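Undergrad: Quick one: structure below, then a few questions.
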Amino acid sequence: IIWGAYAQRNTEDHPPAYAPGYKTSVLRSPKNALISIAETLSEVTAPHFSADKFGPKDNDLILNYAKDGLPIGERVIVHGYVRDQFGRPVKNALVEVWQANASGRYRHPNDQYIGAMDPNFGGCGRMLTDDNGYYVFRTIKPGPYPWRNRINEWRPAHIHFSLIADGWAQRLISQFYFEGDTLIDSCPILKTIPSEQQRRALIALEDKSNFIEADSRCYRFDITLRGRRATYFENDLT
Amino acid sequence: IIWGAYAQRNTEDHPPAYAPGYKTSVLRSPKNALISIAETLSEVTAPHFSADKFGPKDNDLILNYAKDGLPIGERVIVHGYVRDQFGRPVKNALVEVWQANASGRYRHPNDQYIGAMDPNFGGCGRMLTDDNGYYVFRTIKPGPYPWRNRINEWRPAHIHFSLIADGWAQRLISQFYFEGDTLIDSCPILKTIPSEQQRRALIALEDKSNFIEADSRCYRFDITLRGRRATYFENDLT
Amino acid sequence: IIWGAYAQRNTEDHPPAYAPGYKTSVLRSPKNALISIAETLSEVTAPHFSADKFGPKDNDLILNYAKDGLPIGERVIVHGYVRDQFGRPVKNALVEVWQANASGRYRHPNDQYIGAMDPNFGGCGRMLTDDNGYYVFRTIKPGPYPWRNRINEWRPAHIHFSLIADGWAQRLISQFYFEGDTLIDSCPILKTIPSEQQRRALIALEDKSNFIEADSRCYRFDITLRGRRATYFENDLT
Amino acid sequence: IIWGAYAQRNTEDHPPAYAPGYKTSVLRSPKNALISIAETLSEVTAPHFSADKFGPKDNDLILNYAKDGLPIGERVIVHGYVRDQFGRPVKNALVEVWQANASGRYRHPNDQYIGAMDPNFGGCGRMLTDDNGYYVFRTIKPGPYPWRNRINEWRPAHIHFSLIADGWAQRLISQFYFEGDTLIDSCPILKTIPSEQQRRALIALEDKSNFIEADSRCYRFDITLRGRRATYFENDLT
Amino acid sequence: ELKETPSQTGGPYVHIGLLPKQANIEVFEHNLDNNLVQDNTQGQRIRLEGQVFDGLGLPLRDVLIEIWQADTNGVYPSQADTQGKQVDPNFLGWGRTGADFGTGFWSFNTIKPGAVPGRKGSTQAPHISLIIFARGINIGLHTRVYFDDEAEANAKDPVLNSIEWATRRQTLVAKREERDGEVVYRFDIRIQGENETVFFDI
Amino acid sequence: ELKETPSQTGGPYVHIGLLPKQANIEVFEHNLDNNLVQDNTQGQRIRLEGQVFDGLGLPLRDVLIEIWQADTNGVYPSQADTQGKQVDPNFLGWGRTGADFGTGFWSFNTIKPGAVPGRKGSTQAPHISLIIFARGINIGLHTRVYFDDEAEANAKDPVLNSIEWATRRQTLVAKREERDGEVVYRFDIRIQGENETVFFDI
Amino acid sequence: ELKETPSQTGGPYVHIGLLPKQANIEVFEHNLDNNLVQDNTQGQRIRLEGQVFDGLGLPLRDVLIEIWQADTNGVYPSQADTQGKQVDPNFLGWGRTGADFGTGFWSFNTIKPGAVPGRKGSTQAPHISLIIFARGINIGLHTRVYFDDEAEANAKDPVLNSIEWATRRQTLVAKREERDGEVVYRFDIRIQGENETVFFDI
Amino acid sequence: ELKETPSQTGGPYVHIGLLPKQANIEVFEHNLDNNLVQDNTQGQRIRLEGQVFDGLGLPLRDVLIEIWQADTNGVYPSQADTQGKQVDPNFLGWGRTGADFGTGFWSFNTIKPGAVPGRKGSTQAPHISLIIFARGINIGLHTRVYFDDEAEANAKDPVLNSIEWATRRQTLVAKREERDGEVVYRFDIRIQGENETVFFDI
Ligand SMILES: [Fe+3]
Ligand SMILES: [Fe+3]
Ligand SMILES: [Fe+3]
Ligand SMILES: [Fe+3]
Ligand SMILES: [O-]
Ligand SMILES: [O-]
Ligand SMILES: [O-]
Ligand SMILES: [O-]
């Protein structure tokens with residue numbers, strides 16, 4: 001198999017840069033249209049991160065910053081599969097997450113929300129997908145939190161995630177939410193996404209058979225990255 | 001107005017005593033049918049609790065047990081109205097609540113769940129409804145928790161509540177849940193209630209206009225107690 | 001009752017500042033997003049207008065400018081209630097109206113429309129809502145009129161209204177229309193309002209039982225202003 | 001992969017112990033609720049049966065007891081796949097079947113039904129699923145038969161089956177039926193199963209492309225057993 | 001018209017969340033308890049105690065019980081009392097208790113109530129109204145406690161006579177005992193099975 | 001709960017229908033105007049004036065402006081003022097004006113307001129709340145006017161500091177000038193474009 | 001995800017169709033039975049026997065029983081055993097039997113199992129896992145057999161202690177007897193009623 | 001076929017959650033940073049730095065930037081590189097940095113990349129691929145950094161020539177400077193407005 005370029009990103013499946021309802025986007029969006037280019041080696045390559053570098057608790061947000069006790073909040077496991085748009089598993093992709101604690105508070109001086117800080121919670125994790133594109137991490141369910149867009153704006157609970165995979169063209173950062181959260185329908189950031197089917201693609205689903213008794217609940221959440229097409233005639237990449 | 005008896009409790013609107021899916025009910029339910037009686041002064045009277053006895057933080061579960069800091073978890077206000085079945089407000093009724101903390105852990109040696117304890121959270125509160133039957137308290141949203149019915153059973157987040165009002169016949173203890181919680185559809189305890197419309201009557205609704213910016217979310221939850229009928233002909237109570 | 005801030009204005013329930021179909025908005029709309037602030041005494045206060053200052057014909061546009069005869073056109077009474085978003089009546093609010101005459105002509109040199117002027121019609125009125133939030137005025141039904149947006153643009157008949165109530169944050173100016181006017185569906189100004197349910201909120205309804213025989217027709221039109229929330233815990237306003 | 005416990009049996013997907021319409025269950029059902037336990041090595045292990053022990057005709061009910069001729073009745077092949085609830089094939093599971101002959105008569109002195117015995121039919125078979133969880137056996141289609149529940153009760157045609165697989169917790173005995181049999185809708189034993197979707201899960205489907213010309217018809221029937229979950233954090237089994 | 005909010009079990013911590021003080025949760029200054037006798041309370045002091053048993057005959061150690069009763073003259077300390085008599089001003093008439101965690105016994109220190117009017121000019125025998133909440137109990141169970149030394153009054157009691165199986169009436173009669181000068185009424189409650197206590201829909 | 005009535009532009013005659021007197025429509029005996037100073041009003045008299053410009057830089061001659069402010073001691077002549085201080089009884093605190101048809105200038109004769117409490121014990125710098133209505137403006141635009149000679153107070157003002165682009169704060173500061181003994185604060189409003197005035201959602 | 005195939009009763013001929021040999025149906029050369037002891041099997045030989053009774057107290061003569069157990073050192077002859085110890089190679093660990101048609105007794109010849117690890121480093125007392133199938137039983141009933149001469153181990157057993165009604169734990173203990181040199185454990189099973197045997201959802 | 005998961009802004013703490021070490025959150029032993037030069041890395045060391053400005057011209061202090069580049073010989077340390085040349089084994093080719101909280105400057109210590117093949121036998125000029133994430137940015141913005149001292153190569157670059165407004169090509173050229181012996185390329189990014197940097201859909 002000789003690989004060609006990544007399929008074109010479908011702009012209608014993503015938020016536009018300028019989205020007036022999310023006020024901070026007004027001064028941080030280009031006024032010119034993006035210039036599309038034909039891909040070269042630069043866009044179809046990406047770095048490799050070796051497993052050797054990761055610690056044993058890197059994907060365990062419950063214990064990786066625990067000092068005297070366990071963090072307070074709902075114990076949850078989140079797992080799922082990373083695949084490309086043609087359904088192929090994405091192997092050894094770097095998945096990084098960051099989030100607030102159970103009160104909706106981030107661990108930084110910049111966050112001044114009255115929600116209480118948890119001395120035993122850090123809120124950062126990372127993992128590599130396996131050969132089937134599978135990933136799993138454990139954490140405390142984040143609390144929703146207020147922010148100033150309109151004065152009484154509130155984000156639904158969410159976990160921020162980032163992926164570095166096989167090609168630079170696949171680089172993606174987003175946020176996933178939890179099935180049933182009522183704030184999901186009111187969030188101006190989630191509403192920047194044009195279609196309802198794509199908004200639903202960011203909702204992690206309750207996976208009841210995978211709860212661990214007297215221990216943790218579990219959510220299922222799959223991620224799809226852009227896929228490369230195979231070449232059977234002229235290979236112009238180079 | 002001369003008052004007569006409380007309208008008959010509609011047994012079809014409540015769970016039955018024997019409910020096999022909630023296993024603990026099998027040995028704690030009478031095998032005989034309840035014996036219905038005509039009401040006397042005993043059933044239409046109840047005690048009075050004076051406001052003087054309540055402390056200033058009795059309805060503030062966020063601060064009433066806070067020692068060195070604030071409890072960890074989602075800050076929420078819950079408010080609503082207590083009315084009788086004919087729509088009359090229930091005045092000066094004693095409303096007591098108890099619940100788990102953000103991890104789903106109760107503050108008692110008996111609870112051995114691994115969810116972490118919060119040294120700044122107690123989980124008990126009380127208030128008197130005002131003249132319009134209004135009540136309001138503040139707390140941390142409880143986390144769902146496991147329990148052993150089937151080994152992997154999980155209660156949706158809930159707050160336990162109790163009411164002592166005008167007549168002993170109105171005495172009621174129950175539990176309310178939060179709009180959107182996906183565990184609500186699987187709970188054997190909530191499923192002891194026969195009708196879907198009555199299951200929905202225990203779900204507290206998100207009240208977005210009443211959120212307090214950069215502070216707390218708010219849920220609306222109304223409660224209905226049995227009502228007395230007026231007498232216009234013979235008064236047999238006595 | 002200790003009052004807190006006004007509920008946040010729901011921007012989705014109002015027209016956006018920039019609305020290309022209403023051409024004059026293109027150069028008179030800010031390019032920056034509005035900056036939301038937490039309310040202070042400045043935003044929750046407003047002036048008081050004493051009834052003593054109003055004349056007896058201030059709410060009677062039929063007679064308040066009549067010199068030798070009555071104005072020409074359809075005699076109509078318009079009445080309704082002003083309430084806040086939580087349903088509370090708005091008492092002693094200043095309601096001012098202005099409009100064109102039966103030909104669709106305003107009483108100003110600037111209006112050069114060929115529709116005829118009426119020497120006995122002025123087109124300005126005002127009133128204070130009573131304790132139930134009720135208001136009533138009498139007038140001549142305005143005629144629709146042309147204007148230059150696209151060259152053949154026509155406004156449906158409308159009466160302009162303004163309200164100064166309890167808080168500066170409630171300050172509102174708008175326009176209401178008359179049930180059945182076919183121009184309502186084509187107006188670019190009414191179409192700046194995003195939702196159909198909100199467009200319908202500006203349509204005054206025929207109130208047939210309240211017509212006055214051999215005299216005047218009557219329209220019913222209610223207005224809703226932003227409401228304040230009550231405070232039960234910390235009062236941060238001050 | 002480190003394996004954890006079997007997912008909890010979903011009691012709502014199975015008949016209850018006490019089912020009054022199947023009269024024999026009234027005195028053979030516990031009155032206490034079953035006690036759920038957390039699994040140990042005892043529940044996740046099971047025996048192994050070696051292929052060496054099975055004879056060549058063990059899965060051929062048509063010939064395995066044929067003495068002078070072939071049994072009388074409809075020649076049918078039944079095949080399908082055994083999988084766990086997460087879709088994984090169940091390998092080398094012991095599948096045993098037993099059934100009546102074409103007249104609905106079992107080969108035992110206890111069965112006194114007038115339906116005729118077939119000297120060339122035994123009615124017992126067994127096989128091991130292969131690596132894909134596939135199984136296939138051949139037999140004579142059983143006839144429906146009367147039994148005394150209500151005096152005129154009749155079982156639809158059925159074949160009894162039993163499975164011993166990887167874990168003791170998967171141990172299952174049941175019965176499957178044949179697509180279209182009209183007795184299926186009237187059977188009190190099949191009606192002990194609460195949901196219609198689960199009743200349909202016991203109906204073997206006609207597999208027309210797999211009939212063998214001038215020879216036998218074929219039915220397709222898949223079986224699902226409880227599945228184990230994988231462990232990625234603490235392994236408490238031991 | 002509205003439907004009554006549906007009941008749900010008090011659950012496993014009902015005897016903790018409604019009696020925090022006892023569970024060492026010191027959130028309230030004034031706590032409700034099982035002592036209905038204040039210093040000037042009128043009437044003869046009595047102690048009511050017993051155990052609650054499940055269908056296997058074992059005592060429940062997670063039950064929460066409350067009682068409601070009239071003062072010494074049969075008047076309820078309630079605005080809904082229409083008797084036109086003044087009530088003892090040093091009597092709440094209500095109490096709450098849980099069962100000891102080990103023993104399983106529950107108790108109240110109260111006063112023996114006086115007779116209260118029944119319907120249509122009848123007279124009820126002295127009684128205490130009792131309700132039970134616990135894990136496994138979906139709706140609080142109502143019952144009444146009568147006294148064995150009031151046989152004469154019990155025989156003419158409207159409610160007791162409205163129980164057609166005369167044999168079950170006796171499950172509602174507590175037994176008087178005298179522990180070193182104190183009067184105690186033993187009242188055992190059997191939720192299920194033989195000698196199942198009568199429960200009312202009131 | 002109800003949705004707020006939707007806003008609509010004031011339209012081309014908003015500065016006429018709300019100030020009839022000026023448009024020579026003499027229907028009312030008592031008319032509202034741009035003069036907040038009565039004879040016994042306390043405080044230092046000031047004149048606030050300026051122009052409103054569209055995106056092409058041209059002044060709007062059909063704009064209608066109103067202001068709302070506190071008296072000389074920072075008290076609002078409003079029943080919603082919870083300060084517990086008595087307000088100047090000869091002060092309405094509100095005014096309305098239009099722009100001159102030719103020049104395009106608008107103005108108010110008022111008093112310099114005193115400092116008003118901010119939230120959580122803070123103190124706001126003196127300011128006047130201002131709203132603008134006109135054809136092409138779909139919802140009244142809210143802004144505030146601060147004073148350049150109050151630099152010290154402006155630097156600690158909650159609202160001004162809540163504007164993250166420090167460069168935009170200055171669009172809210174009016175410039176003090178002294179015309180033949182009278183104090184004038186010039187405040188120009190730019191609806192769109194370079195040096196666009198800050199507008200608030202309040 | 002898929003739902004587990006629903007259970008159905010074994011029906012009236014379950015003890016015949018799963019033990020054909022005994023019902024004189026000679027279709028298989030190698031037949032499964034109730035004898036778990038092979039000649040080199042290690043451990044002390046024991047005989048486990050008893051009867052299964054319905055709610056009227058009558059023995060079931062159409063029941064089919066299977067048992068699953070560990071070898072003499074508490075190791076399961078299963079690939080899912082993660083103990084890292086070698087299992088007795090002459091032990092299947094499973095057996096099947098029916099009840100005698102007249103008497104109603106069932107039995108197995110096996111070995112007394114050794115202790116098996118419990119969860120989180122605990123140790124379970126020796127036990128045999130047992131399942132019962134029969135007409136009228138909609139889903140096979142799971143129970144465990146413990147031994148009366150292992151009182152010390154039984155007292156610290158996780159599963160037995162997870163049964164809150166201590167009185168029911170005893171229904172799971174078989175009684176040791178010694179018939180002419182052979183050790184026999186009598187285990188009677190009561191499906192319904194007084195002294196109802198505990199059944200587990202595993 | 002599946003749709004790509006939709007992007008969402010990195011949000012306000014993206015430069016903290018992806019660089020915890022810098023935010024004093026010490027959860028990882030090995031941390032990713034902005035230094036691509038290891039000791040044996042080949043090539044000429046350079047420092048790339050600049051600022052990112054919003055539409056008002058103010059620098060973003062909450063931006064997170066990553067770069068991806070080839071080694072000194074124009075080979076990518078990626079299994080998808082099909083050049084058949086061996087890559088420098090002491091080079092990751094990727095780095096991540098945030099902007100200083102006060103100054104607003106961001107920087108990387110790396111090596112000047114060599115030329116990489118373009119499509120259909122063309123040759124690209126040396127470049128570094130860059131992506132920007134931040135609150136208010138809904139999808140990461142892609143751009144490239146070229147070097148002013150490579151004018152000759154830049155003039156024949158496929159990508160640069162595919163930008164039809166020749167005037168915008170220059171926004172992609174960084175300026176070489178020499179600070180006390182060290183080579184620095186200054187690259188400022190303007191998200192909106194005059195001299196808006198070119199961004200690509202790749
Ligand atoms: Fe966030
Ligand atoms: Fe609970
Ligand atoms: Fe108009
Ligand atoms: Fe059968
Ligand atoms: O509970
Ligand atoms: O107009
Ligand atoms: O059968
Ligand atoms: O965020």
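Identifiers in this document derive from the order of the structure tokens: chains are assigned A, B, ..., residues are numbered from 1 separately in each chain, and ligands are numbered from 1 in order of occurrence.
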Report as number ranges by chain all protein, DNA and RNA residues lying within 8 Å of segment 157-172 of chain F, evaluated on only C-alpha atoms, omitting residues in the same chain fewer than 6 positions from it.
TA: C: 35, 37; F: 118, 122-125, 143-146, 195-198; H: 58
Undergrad: Write out the residues from the selection above, keeping N, CA and C atoms, as a PDB file, in the first residue's frame.
TA:
ATOM      1  N   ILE C  35     -19.702  43.868  26.243  1.00  0.00           N
ATOM      2  CA  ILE C  35     -19.041  43.398  27.434  1.00  0.00           C
ATOM      3  C   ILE C  35     -20.089  43.238  28.551  1.00  0.00           C
ATOM      4  N   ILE C  37     -21.433  42.812  32.335  1.00  0.00           N
ATOM      5  CA  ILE C  37     -20.939  43.138  33.655  1.00  0.00           C
ATOM      6  C   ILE C  37     -21.878  42.596  34.732  1.00  0.00           C
TER       7      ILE C  37
ATOM      8  N   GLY F 118     -19.930  49.678  44.983  1.00  0.00           N
ATOM      9  CA  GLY F 118     -19.874  48.657  43.976  1.00  0.00           C
ATOM     10  C   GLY F 118     -20.236  47.379  44.711  1.00  0.00           C
ATOM     11  N   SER F 122     -16.848  47.148  47.328  1.00  0.00           N
ATOM     12  CA  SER F 122     -15.937  47.962  46.552  1.00  0.00           C
ATOM     13  C   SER F 122     -16.614  49.322  46.332  1.00  0.00           C
ATOM     14  N   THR F 123     -15.868  50.256  45.742  1.00  0.00           N
ATOM     15  CA  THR F 123     -16.401  51.582  45.458  1.00  0.00           C
ATOM     16  C   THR F 123     -16.250  51.887  43.967  1.00  0.00           C
ATOM     17  N   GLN F 124     -17.327  52.291  43.314  1.00  0.00           N
ATOM     18  CA  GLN F 124     -17.180  52.608  41.903  1.00  0.00           C
ATOM     19  C   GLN F 124     -16.720  54.057  41.754  1.00  0.00           C
ATOM     20  N   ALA F 125     -16.035  54.380  40.667  1.00  0.00           N
ATOM     21  CA  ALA F 125     -15.632  55.758  40.395  1.00  0.00           C
ATOM     22  C   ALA F 125     -16.900  56.477  39.933  1.00  0.00           C
ATOM     23  N   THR F 143     -23.703  52.352  27.731  1.00  0.00           N
ATOM     24  CA  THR F 143     -22.305  52.647  27.976  1.00  0.00           C
ATOM     25  C   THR F 143     -22.247  53.467  29.266  1.00  0.00           C
ATOM     26  N   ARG F 144     -21.037  53.845  29.695  1.00  0.00           N
ATOM     27  CA  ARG F 144     -20.888  54.675  30.876  1.00  0.00           C
ATOM     28  C   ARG F 144     -19.901  55.775  30.551  1.00  0.00           C
ATOM     29  N   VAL F 145     -20.078  56.896  31.237  1.00  0.00           N
ATOM     30  CA  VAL F 145     -19.206  58.051  31.076  1.00  0.00           C
ATOM     31  C   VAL F 145     -18.444  58.227  32.396  1.00  0.00           C
ATOM     32  N   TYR F 146     -17.113  58.180  32.320  1.00  0.00           N
ATOM     33  CA  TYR F 146     -16.272  58.418  33.488  1.00  0.00           C
ATOM     34  C   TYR F 146     -15.609  59.785  33.253  1.00  0.00           C
ATOM     35  N   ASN F 195     -11.341  52.972  17.559  1.00  0.00           N
ATOM     36  CA  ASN F 195     -11.708  53.617  18.821  1.00  0.00           C
ATOM     37  C   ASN F 195     -13.165  53.493  19.110  1.00  0.00           C
ATOM     38  N   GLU F 196     -13.682  52.330  18.769  1.00  0.00           N
ATOM     39  CA  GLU F 196     -15.090  52.033  18.988  1.00  0.00           C
ATOM     40  C   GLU F 196     -15.361  52.083  20.484  1.00  0.00           C
ATOM     41  N   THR F 197     -16.391  52.810  20.862  1.00  0.00           N
ATOM     42  CA  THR F 197     -16.720  52.925  22.260  1.00  0.00           C
ATOM     43  C   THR F 197     -17.160  51.558  22.810  1.00  0.00           C
ATOM     44  N   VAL F 198     -16.794  51.293  24.060  1.00  0.00           N
ATOM     45  CA  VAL F 198     -17.226  50.047  24.718  1.00  0.00           C
ATOM     46  C   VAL F 198     -18.742  50.092  25.040  1.00  0.00           C
TER      47      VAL F 198
ATOM     48  N   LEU H  58      -3.430  43.534  20.517  1.00  0.00           N
ATOM     49  CA  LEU H  58      -2.845  43.172  21.784  1.00  0.00           C
ATOM     50  C   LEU H  58      -2.314  41.720  21.755  1.00  0.00           C
TER      51      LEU H  58
END
Undergrad: Which residues, written as JSON, numbers by chain, have at least one atom at most 8 Å from residue 169 of chain B, with only C-alpha atoms counted and residues fewer than 2 positions away on the same chain left out?
TA: {"B": [6, 43, 44, 167, 171, 226], "E": [202]}
Undergrad: Would you output that residue set with C-alpha atoms, as a CSV table (one decimal), in the first residue's frame?
TA:
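Contents of again.csv, as written:
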chain,number,residue,atom,x,y,z
B,6,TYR,CA,-57.9,14.4,54.4
B,43,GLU,CA,-54.9,11.8,62.1
B,44,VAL,CA,-55.7,15.4,61.3
B,167,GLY,CA,-51.8,16.7,59.7
B,171,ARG,CA,-46.4,12.7,57.0
B,226,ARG,CA,-52.6,15.3,50.8
E,202,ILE,CA,-54.8,6.7,57.6
Undergrad: For residue 195 of chain A, find every residue with an atom within 12 Å (counting only C-alpha atoms), except residues of its own chain fewer than 4 positions away, and show them as a list in words.
TA: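 Returned residues: residues 11, 12, 13, 14, 15, 16, 190, 191, 199, 200, 201 and 202 of chain A; 3 and 6 of chain H.
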Undergrad: Print the selection's residues with N, CA and C atoms to a file, as a short mmCIF file (atom, residue, chain, number, x, y, z; two decimals), in the first residue's frame.
TA:
data_model
loop_
_atom_site.label_atom_id
_atom_site.label_comp_id
_atom_site.auth_asym_id
_atom_site.auth_seq_id
_atom_site.Cartn_x
_atom_site.Cartn_y
_atom_site.Cartn_z
N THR A 11 -15.18 21.34 6.28
CA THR A 11 -15.44 22.52 7.07
C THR A 11 -16.85 22.63 7.63
N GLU A 12 -17.82 21.99 6.99
CA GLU A 12 -19.20 22.06 7.49
C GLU A 12 -19.41 21.19 8.71
N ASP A 13 -18.45 20.34 9.00
CA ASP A 13 -18.56 19.47 10.14
C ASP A 13 -17.89 20.06 11.39
N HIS A 14 -17.39 21.29 11.28
CA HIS A 14 -16.68 21.96 12.35
C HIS A 14 -17.18 23.39 12.59
N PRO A 15 -16.88 23.95 13.75
CA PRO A 15 -17.32 25.31 13.98
C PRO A 15 -16.56 26.24 13.01
N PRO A 16 -17.13 27.42 12.72
CA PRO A 16 -16.48 28.41 11.84
C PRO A 16 -15.56 29.17 12.81
N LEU A 190 -20.45 24.94 22.52
CA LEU A 190 -20.89 23.72 21.80
C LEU A 190 -21.78 24.14 20.64
N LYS A 191 -22.53 25.22 20.84
CA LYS A 191 -23.39 25.65 19.73
C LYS A 191 -22.61 26.30 18.55
N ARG A 199 -22.75 17.89 17.12
CA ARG A 199 -22.75 18.21 18.54
C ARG A 199 -22.84 16.88 19.34
N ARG A 200 -23.67 15.94 18.90
CA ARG A 200 -23.84 14.66 19.59
C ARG A 200 -22.58 13.81 19.58
N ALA A 201 -21.71 14.01 18.59
CA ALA A 201 -20.47 13.28 18.52
C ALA A 201 -19.47 13.62 19.64
N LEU A 202 -19.75 14.66 20.43
CA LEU A 202 -18.88 15.03 21.54
C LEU A 202 -19.50 14.58 22.89
N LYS H 3 -17.60 10.81 10.20
CA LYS H 3 -17.25 12.24 10.14
C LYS H 3 -16.19 12.48 11.22
N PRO H 6 -15.71 16.85 15.76
CA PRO H 6 -15.64 18.31 15.63
C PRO H 6 -14.68 19.00 16.61
#
Undergrad: Could you tell me which of H:68, H:84, H:134, H:22 comes closest to ligand 8 if we count only C-alpha atoms and all ligand atoms?
TA: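 With only C-alpha atoms and all ligand atoms as the atom set, the closest residue is H:134.
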Undergrad: Around ligand 7, at most 7 Å away and counting only C-alpha atoms and all ligand atoms, which residues are there? Put them as an MDAnalysis selection string, please.
TA: chainID G and resid 10:13
Undergrad: Show me which residues sit within 8 Å of ligand 3 when counting only C-alpha atoms and all ligand atoms, and put them as a ChimeraX atom specification.
TA: /C:99-100,106,155,158-160 /F:11-13
